[PDB]
file my_file_33.cif (mmCIF, C-alpha atoms and all ligand atoms)
data_entry
#
loop_
_atom_site.label_atom_id
_atom_site.label_comp_id
_atom_site.auth_asym_id
_atom_site.auth_seq_id
_atom_site.Cartn_x
_atom_site.Cartn_y
_atom_site.Cartn_z
CA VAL A 1 244.63 211.45 229.02
CA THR A 2 248.18 211.35 227.64
CA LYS A 3 249.77 209.74 224.57
CA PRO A 4 250.61 206.03 225.05
CA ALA A 5 254.39 205.61 224.74
CA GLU A 6 254.15 203.18 221.80
CA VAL A 7 251.81 205.40 219.72
CA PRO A 8 253.82 207.53 217.22
CA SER A 9 253.59 211.34 217.51
CA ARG A 10 252.05 211.83 214.05
CA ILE A 11 249.28 209.30 214.82
CA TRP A 12 248.45 210.93 218.16
CA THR A 13 247.79 214.24 216.41
CA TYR A 14 245.49 212.50 213.90
CA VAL A 15 243.38 210.75 216.58
CA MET A 16 243.36 213.81 218.85
CA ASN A 17 241.95 215.99 216.06
CA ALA A 18 239.32 213.29 215.43
CA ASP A 19 238.52 213.21 219.17
CA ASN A 20 238.04 217.03 219.18
CA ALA A 21 235.62 216.70 216.26
CA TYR A 22 233.39 214.43 218.40
CA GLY A 23 233.89 216.12 221.78
CA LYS A 24 235.23 213.04 223.54
CA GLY A 25 237.81 214.62 225.87
CA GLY A 26 240.77 212.50 224.71
CA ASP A 27 239.10 209.11 225.27
CA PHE A 28 238.11 208.43 221.65
CA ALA A 29 241.74 209.21 220.73
CA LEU A 30 242.76 206.27 222.95
CA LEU A 31 240.21 203.97 221.25
CA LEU A 32 241.31 205.12 217.78
CA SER A 33 244.96 204.48 218.70
CA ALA A 34 244.03 200.87 219.52
CA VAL A 35 242.05 200.57 216.27
CA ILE A 36 244.94 201.98 214.19
CA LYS A 37 247.43 199.65 215.92
CA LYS A 38 245.35 196.58 215.04
CA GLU A 39 244.48 197.76 211.52
CA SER A 40 247.72 199.10 210.06
CA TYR A 41 250.18 199.10 212.98
CA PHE A 42 250.37 202.89 212.66
CA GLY A 43 251.22 202.45 208.97
CA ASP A 44 254.10 199.99 209.47
CA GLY A 45 251.92 196.90 209.04
CA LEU A 46 250.47 197.73 205.62
CA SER A 47 252.91 196.37 203.01
CA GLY A 48 252.53 192.70 202.02
CA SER A 49 248.76 192.87 202.56
CA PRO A 50 246.27 193.00 199.66
CA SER A 51 244.42 195.65 201.71
CA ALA A 52 247.55 197.85 202.02
CA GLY A 53 246.01 200.62 199.88
CA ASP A 54 243.12 201.00 202.37
CA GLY A 55 245.22 203.09 204.78
CA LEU A 56 245.54 203.68 208.53
CA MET A 57 242.10 202.46 209.63
CA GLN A 58 241.66 199.95 206.81
CA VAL A 59 238.34 201.28 205.57
CA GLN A 60 237.45 199.23 202.49
CA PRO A 61 236.84 200.95 199.12
CA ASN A 62 233.06 200.31 199.02
CA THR A 63 232.75 201.42 202.64
CA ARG A 64 234.67 204.66 201.98
CA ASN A 65 232.41 205.25 198.96
CA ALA A 66 229.29 204.75 201.12
CA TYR A 67 230.28 207.45 203.64
CA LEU A 68 231.64 210.12 201.24
CA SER A 69 228.86 212.72 201.59
CA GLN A 70 228.63 212.13 205.35
CA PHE A 71 232.41 212.61 205.72
CA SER A 72 232.18 215.89 203.82
CA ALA A 73 229.31 217.09 206.00
CA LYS A 74 231.16 216.21 209.22
CA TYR A 75 234.56 217.67 208.28
CA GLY A 76 233.79 220.40 205.71
CA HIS A 77 236.03 219.03 202.95
CA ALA A 78 235.91 216.15 200.46
CA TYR A 79 237.48 212.89 201.62
CA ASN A 80 241.07 212.78 200.42
CA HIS A 81 242.36 209.21 200.57
CA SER A 82 245.99 210.41 200.19
CA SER A 83 245.61 212.30 203.47
CA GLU A 84 246.37 210.28 206.60
CA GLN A 85 244.36 212.74 208.73
CA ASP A 86 241.36 212.14 206.41
CA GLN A 87 241.85 208.36 206.64
CA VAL A 88 241.63 208.72 210.43
CA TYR A 89 238.62 211.10 210.16
CA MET A 90 236.84 208.58 207.90
CA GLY A 91 237.55 205.63 210.19
CA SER A 92 236.50 207.70 213.23
CA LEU A 93 233.23 208.76 211.60
CA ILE A 94 232.31 205.15 210.82
CA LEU A 95 233.36 203.84 214.24
CA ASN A 96 231.46 206.65 216.03
CA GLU A 97 228.38 205.87 213.94
CA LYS A 98 228.50 202.15 214.93
CA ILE A 99 229.00 202.98 218.62
CA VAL A 100 226.11 205.44 218.67
CA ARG A 101 223.78 203.18 216.64
CA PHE A 102 224.53 199.83 218.35
CA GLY A 103 224.84 201.47 221.77
CA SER A 104 228.30 200.32 222.92
CA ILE A 105 232.06 200.34 222.25
CA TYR A 106 232.43 196.56 222.02
CA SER A 107 229.57 196.24 219.53
CA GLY A 108 230.83 199.30 217.62
CA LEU A 109 234.21 197.65 217.20
CA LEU A 110 232.65 194.33 216.16
CA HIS A 111 230.45 195.88 213.47
CA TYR A 112 233.17 198.33 212.45
CA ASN A 113 235.31 195.34 211.48
CA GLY A 114 232.57 193.00 210.21
CA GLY A 115 229.82 195.31 209.01
CA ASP A 116 226.30 195.41 210.45
CA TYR A 117 225.62 191.88 209.10
CA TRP A 118 228.76 190.00 210.19
CA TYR A 119 228.56 186.29 210.98
CA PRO A 120 231.35 183.80 211.81
CA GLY A 121 232.92 182.75 208.49
CA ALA A 122 232.09 185.98 206.62
CA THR A 123 234.90 187.26 204.38
CA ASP A 124 236.05 190.77 203.40
CA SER A 125 236.29 192.40 199.95
CA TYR A 126 239.65 190.60 199.55
CA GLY A 127 238.20 187.21 200.56
CA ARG A 128 239.94 187.09 203.94
CA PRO A 129 238.01 185.70 206.94
CA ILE A 130 236.65 188.42 209.26
CA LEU A 131 237.14 187.53 212.93
CA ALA A 132 235.00 190.40 214.21
CA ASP A 133 234.49 189.00 217.74
CA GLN A 134 238.25 188.54 218.26
CA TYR A 135 238.95 191.96 216.74
CA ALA A 136 236.54 193.56 219.20
CA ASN A 137 237.96 191.70 222.22
CA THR A 138 241.62 192.51 221.55
CA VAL A 139 240.97 196.14 220.49
CA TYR A 140 238.72 196.71 223.54
CA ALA A 141 241.44 195.28 225.79
CA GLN A 142 244.05 197.55 224.16
CA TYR A 143 241.78 200.59 224.54
CA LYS A 144 241.57 199.68 228.25
CA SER A 145 245.35 199.08 228.43
CA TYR A 146 245.78 202.61 227.05
CA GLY A 147 243.67 203.93 229.95
CA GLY A 148 240.23 204.19 228.34
CA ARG A 149 237.51 204.92 230.91
CA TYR A 150 234.34 203.73 229.13
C1 LIG B 1 247.50 188.55 215.63
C2 LIG B 1 247.38 189.98 215.16
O1 LIG B 1 246.98 190.85 215.94
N1 LIG B 1 247.74 190.21 213.90
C3 LIG B 1 247.69 191.52 213.27
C4 LIG B 1 246.87 191.44 211.98
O2 LIG B 1 245.52 191.19 212.31
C5 LIG B 1 246.99 192.72 211.15
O3 LIG B 1 246.09 192.86 210.04
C6 LIG B 1 244.92 193.64 210.06
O4 LIG B 1 243.89 192.91 210.70
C7 LIG B 1 242.60 193.50 210.73
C8 LIG B 1 241.67 192.53 211.46
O5 LIG B 1 242.15 192.35 212.78
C9 LIG B 1 242.10 193.78 209.31
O6 LIG B 1 240.88 194.50 209.31
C10 LIG B 1 243.14 194.58 208.51
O7 LIG B 1 242.76 194.63 207.15
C11 LIG B 1 244.54 193.97 208.62
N2 LIG B 1 245.51 194.90 208.06
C12 LIG B 1 246.20 194.62 206.95
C13 LIG B 1 247.15 195.68 206.50
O8 LIG B 1 246.08 193.56 206.32
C14 LIG B 1 248.46 193.11 210.98
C15 LIG B 1 248.60 194.43 210.22
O9 LIG B 1 248.35 195.52 211.09
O10 LIG B 1 249.08 193.24 212.25
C16 LIG B 1 249.10 192.06 213.02
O11 LIG B 1 249.70 192.38 214.26
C1 LIG B 2 236.17 199.34 208.33
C2 LIG B 2 235.60 198.59 207.17
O1 LIG B 2 235.79 198.97 206.01
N1 LIG B 2 234.87 197.51 207.46
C3 LIG B 2 234.29 196.74 206.38
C4 LIG B 2 232.76 196.72 206.43
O2 LIG B 2 232.25 198.01 206.18
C5 LIG B 2 232.20 195.70 205.43
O3 LIG B 2 230.78 195.58 205.23
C6 LIG B 2 229.95 195.97 204.16
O4 LIG B 2 229.98 197.37 204.01
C7 LIG B 2 229.30 197.83 202.86
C8 LIG B 2 229.50 199.34 202.73
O5 LIG B 2 229.26 199.96 203.98
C9 LIG B 2 227.80 197.46 202.93
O6 LIG B 2 227.18 197.69 201.68
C10 LIG B 2 227.58 196.00 203.31
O7 LIG B 2 226.25 195.86 203.75
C11 LIG B 2 228.51 195.54 204.44
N2 LIG B 2 228.43 194.10 204.60
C12 LIG B 2 228.01 193.51 205.73
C13 LIG B 2 228.00 192.01 205.71
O8 LIG B 2 227.64 194.12 206.74
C14 LIG B 2 232.95 194.37 205.52
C15 LIG B 2 232.49 193.32 204.51
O9 LIG B 2 232.40 193.91 203.24
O10 LIG B 2 234.34 194.59 205.35
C16 LIG B 2 234.88 195.32 206.43
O11 LIG B 2 236.29 195.38 206.38
#
call {"tool": "encode", "arguments": {"input": "my_file_33.cif", "output": "structure tokens"}}
result
Amino acid sequence: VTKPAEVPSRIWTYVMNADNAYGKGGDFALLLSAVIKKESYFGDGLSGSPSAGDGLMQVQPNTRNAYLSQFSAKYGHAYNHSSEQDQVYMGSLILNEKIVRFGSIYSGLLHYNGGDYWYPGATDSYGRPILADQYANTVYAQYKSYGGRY
């Protein structure tokens, strides 16, 4: 498992630390890279969007709020939204939780993006349509393009 050429150095460190926290041997870091690419384009695709303030993994305010105590338990410090490493840790925690609970990567991605109760036509906290199925397909492909085994 090596860094994909297109993934910026700073991002790779973030996702690799997150991977170490879950004991995933570099593979989760590949999945998180794909997630971050889609969500924020490594931080270059944030401006212009109403969800810009939501950071690298685009975790929505009410979702961040829901997982605050769990984040602190997992990582030993309070979630700091100004920290990019924390943004990645928070996104990783939520994504891991969906994958473990729903039983697969594809489904974890789908429900990461749409919530547990996503249906076609459902909108986000900004009123934008959530295309959770398409999100999952393209992010799963990218994870595989990066060399993801599972
Ligand atoms: C066609 C395509 O891949 N377009 C990308 C946009 O989807 C993308 O926006 C992000 O999309 C996610 C759903 O796929 C949203 O959860 C997320 O909020 C949204 N990010 C922002 C900042 O609005 C943009 C930005 O990364 O990149 C396009 O390539
Ligand atoms: C990564 C991210 O932030 N995804 C968002 C989903 O969490 C989110 O779903 C809603 O999350 C709330 C807090 O966890 C829940 O109270 C609520 O049940 C849940 N809604 C559904 C339909 O599952 C969605 C929609 O708000 O936005 C995503 O971007």
call {"tool": "residues_near_ligand", "arguments": {"input": "my_file_33.cif", "ligand": "ligand LIG 1 (chain B)", "cutoff": "8 Å", "atoms": "only C-alpha atoms and all ligand atoms", "output": "PDB file with C-alpha atoms, in the coordinates of the input"}}
result
ATOM      1  CA  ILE A  36     244.940 201.980 214.190  1.00  0.00           C
ATOM      2  CA  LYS A  37     247.430 199.650 215.920  1.00  0.00           C
ATOM      3  CA  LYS A  38     245.350 196.580 215.040  1.00  0.00           C
ATOM      4  CA  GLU A  39     244.480 197.760 211.520  1.00  0.00           C
ATOM      5  CA  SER A  40     247.720 199.100 210.060  1.00  0.00           C
ATOM      6  CA  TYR A  41     250.180 199.100 212.980  1.00  0.00           C
ATOM      7  CA  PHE A  42     250.370 202.890 212.660  1.00  0.00           C
ATOM      8  CA  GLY A  43     251.220 202.450 208.970  1.00  0.00           C
ATOM      9  CA  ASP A  44     254.100 199.990 209.470  1.00  0.00           C
ATOM     10  CA  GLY A  45     251.920 196.900 209.040  1.00  0.00           C
ATOM     11  CA  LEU A  46     250.470 197.730 205.620  1.00  0.00           C
ATOM     12  CA  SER A  47     252.910 196.370 203.010  1.00  0.00           C
ATOM     13  CA  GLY A  48     252.530 192.700 202.020  1.00  0.00           C
ATOM     14  CA  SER A  49     248.760 192.870 202.560  1.00  0.00           C
ATOM     15  CA  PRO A  50     246.270 193.000 199.660  1.00  0.00           C
ATOM     16  CA  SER A  51     244.420 195.650 201.710  1.00  0.00           C
ATOM     17  CA  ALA A  52     247.550 197.850 202.020  1.00  0.00           C
ATOM     18  CA  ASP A  54     243.120 201.000 202.370  1.00  0.00           C
ATOM     19  CA  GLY A  55     245.220 203.090 204.780  1.00  0.00           C
ATOM     20  CA  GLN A  58     241.660 199.950 206.810  1.00  0.00           C
ATOM     21  CA  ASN A 113     235.310 195.340 211.480  1.00  0.00           C
ATOM     22  CA  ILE A 130     236.650 188.420 209.260  1.00  0.00           C
ATOM     23  CA  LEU A 131     237.140 187.530 212.930  1.00  0.00           C
ATOM     24  CA  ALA A 132     235.000 190.400 214.210  1.00  0.00           C
ATOM     25  CA  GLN A 134     238.250 188.540 218.260  1.00  0.00           C
ATOM     26  CA  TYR A 135     238.950 191.960 216.740  1.00  0.00           C
ATOM     27  CA  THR A 138     241.620 192.510 221.550  1.00  0.00           C
TER      28      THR A 138
END
call {"tool": "closest_residue", "arguments": {"input": "my_file_33.cif", "among": "A:106, A:14, A:22, A:118", "to": "ligand LIG 2 (chain B)", "atoms": "all atoms listed in the file"}}
result
A:118
call {"tool": "closest_residue", "arguments": {"input": "my_file_33.cif", "among": "A:141, A:68, A:59, A:88", "to": "residue A:112", "atoms": "only C-alpha atoms"}}
result
A:59
call {"tool": "atom_distance", "arguments": {"input": "my_file_33.cif", "atom1": "atom CA of residue A:31", "atom2": "atom CA of residue A:15"}}
result
8.8 Å
call {"tool": "residues_near_ligand", "arguments": {"input": "my_file_33.cif", "ligand": "ligand LIG 2 (chain B)", "cutoff": "7 Å", "atoms": "all atoms listed in the file", "output": "list in words"}}
result
residues 57, 58, 59, 60, 62, 63, 66, 91, 112, 113, 114, 115, 116, 117, 118, 123, 124 and 125 of chain A
call {"tool": "atom_distance", "arguments": {"input": "my_file_33.cif", "atom1": "atom CA of residue A:150", "atom2": "atom CA of residue A:32"}}
result
13.4 Å
call {"tool": "atom_distance", "arguments": {"input": "my_file_33.cif", "atom1": "atom CA of residue A:122", "atom2": "atom CA of residue A:99"}}
result
21.0 Å
call {"tool": "closest_residue", "arguments": {"input": "my_file_33.cif", "among": "A:53, A:140, A:108, A:97", "to": "residue A:81", "atoms": "only C-alpha atoms"}}
result
A:53
call {"tool": "closest_residue", "arguments": {"input": "my_file_33.cif", "among": "A:93, A:56, A:100, A:30", "to": "residue A:147", "atoms": "only C-alpha atoms"}}
result
A:30
call {"tool": "closest_residue", "arguments": {"input": "my_file_33.cif", "among": "A:86, A:6, A:133, A:19", "to": "residue A:145", "atoms": "only C-alpha atoms"}}
result
A:6
call {"tool": "residues_around", "arguments": {"input": "my_file_33.cif", "residues": "residue A:75", "least_positions_apart": "2", "cutoff": "10 Å", "atoms": "only C-alpha atoms", "output": "PyMOL selection string"}}
result
chain A and resi 18+21+70-73+77-79+86+89-90+93
call {"tool": "closest_residue", "arguments": {"input": "my_file_33.cif", "among": "A:26, A:103, A:127, A:121", "to": "residue A:4", "atoms": "all atoms listed in the file"}}
result
A:26
call {"tool": "axis_aligned_box", "arguments": {"input": "my_file_33.cif", "around": "stretch 128-140 of chain A", "padding_each_side": "5 Å", "output": "lines of an AutoDock Vina configuration file"}}
result
center_x = 238.1
center_y = 191.2
center_z = 213.7
size_x = 17.1
size_y = 21.0
size_z = 29.6
